[PDB]
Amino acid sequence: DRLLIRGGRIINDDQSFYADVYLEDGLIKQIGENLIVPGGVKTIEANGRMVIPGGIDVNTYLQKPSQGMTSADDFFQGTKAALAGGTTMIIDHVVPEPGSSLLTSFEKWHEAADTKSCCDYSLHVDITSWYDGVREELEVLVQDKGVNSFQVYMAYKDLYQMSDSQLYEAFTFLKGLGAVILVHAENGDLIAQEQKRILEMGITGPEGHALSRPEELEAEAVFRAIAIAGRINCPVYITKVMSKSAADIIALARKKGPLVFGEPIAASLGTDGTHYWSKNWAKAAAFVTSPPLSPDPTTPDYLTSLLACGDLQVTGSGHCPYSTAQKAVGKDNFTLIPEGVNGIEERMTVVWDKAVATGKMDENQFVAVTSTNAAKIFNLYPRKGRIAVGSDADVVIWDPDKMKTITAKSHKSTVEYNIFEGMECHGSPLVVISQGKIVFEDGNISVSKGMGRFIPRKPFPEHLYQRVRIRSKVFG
């Protein structure tokens, strides 16, 4: 259906300018000084408000398994929540069941999302084990299924953990396929050692989670992953950056040569781990995620600073909350608490408040860290993350001047708690458009279950492999 947005200020990552935008059949058809559309056309008066590209959440775990329980917000509830918060595309993590192949898991996820997602989506495939034959499936996932990104774990001893030798093999094989390599960086062996010790001191509450996974163990894994990537000459992406230490490791590496990217999430940009010490067991348990929120209160402002100067490039949510009932399964042993916090709905609002409202970065840089950088890294650029003729009509009309107190009573998540409870933000979504259709307006959501399309991605993203290709020919 034809839709005209008039009087708006278009904000892309490279510049801002006034013009109207004309949408038709999921595409941006025209941008220009004034008029040019048929007489019958629904019209939205932006009246000076910002017209920006819909957000791309590079990290979601909507159907994540944890302690035998599935994350609380499914593909429907989850994407509905995303759209209400201004995010029009997600890249969800496929997590294979024990003893299941990668192709079987992809098919399960794909079928699931296709029947419930309210918006467009892509899929990451989590390689939980380097088994004989995995190489063939990966080739099929890249070449035929359209999956260009994969994650390997450095933590979760005896479960998902990959040894240095296996990590070297995986990075090498993945680079050959032109894939984007993601890492969950925490030293699992040392974490296992600390869990035992902490539980021995009689510490059973959530604070035990933070205490068994100190940031020094995250930073160390990040460094080791960067060392491997550097020897292999392949890009490496660090998911869920939660600490000042890990962030500095990445910063230092960037000026050295290694092609390393950093992904902080809403949680680490908007709150901290002091809440693991709440008297209320349920509130504390709701903050349990891995890596954990840093107990150092200076962390959120510091990570935002690094995102502003370019040492960190994209923002995600790591969304995968569990209800109090599900969390309670470990009311006694903190190591039995399902891991995951909310943030898919709050991401763009939280980033705007902590980065733009404070003056650390401007609106153009806001677009880059919420969509454009993500698009260039995962090979979806022009199509997504840019208001331009020919791109997909995933648009948001943002109003920098007002409204937003984050509360569990008004959020879209099905869970009881919210790690950003009480946070008042200045700047939020007014109108959300996906696939050329209005899904959020006048403070209300209007979605269609299953309307979302799966977006396949080609390997060898230029932003990543151009430098890789030169280096392989210059340093042989």
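Residue indices: 1-based, along the sequence shown.
A summary of the deposited B-factors shows that, of 456 to 464 and 21 to 29, the stretch with the larger mean C-alpha value is 21 to 29. On average the C-alpha atoms of 283 to 291 have higher B-factors than those of the other stretch, with 310 to 318 and 283 to 291 being the two compared.
Out of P235, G257, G270, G178, the entry records its largest CA B-factor for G257. Taking only the listed residues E136, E263, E363, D296, the entry reports the highest CA temperature factor at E136. In the PDB entry, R347 places in the lowest third of its chain by CA B-factor. For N373, the recorded CA B-factor ranks within the lowest third of the chain. Only modelled residues enter the ranking. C425 sits in the highest third of its chain by CA B factor, as recorded in the PDB entry. Among the modelled residues of the chain, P96 sits in the middle third by CA temperature factor in this PDB entry. For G205, the recorded CA temperature factor ranks within the highest third of the chain's modelled residues.
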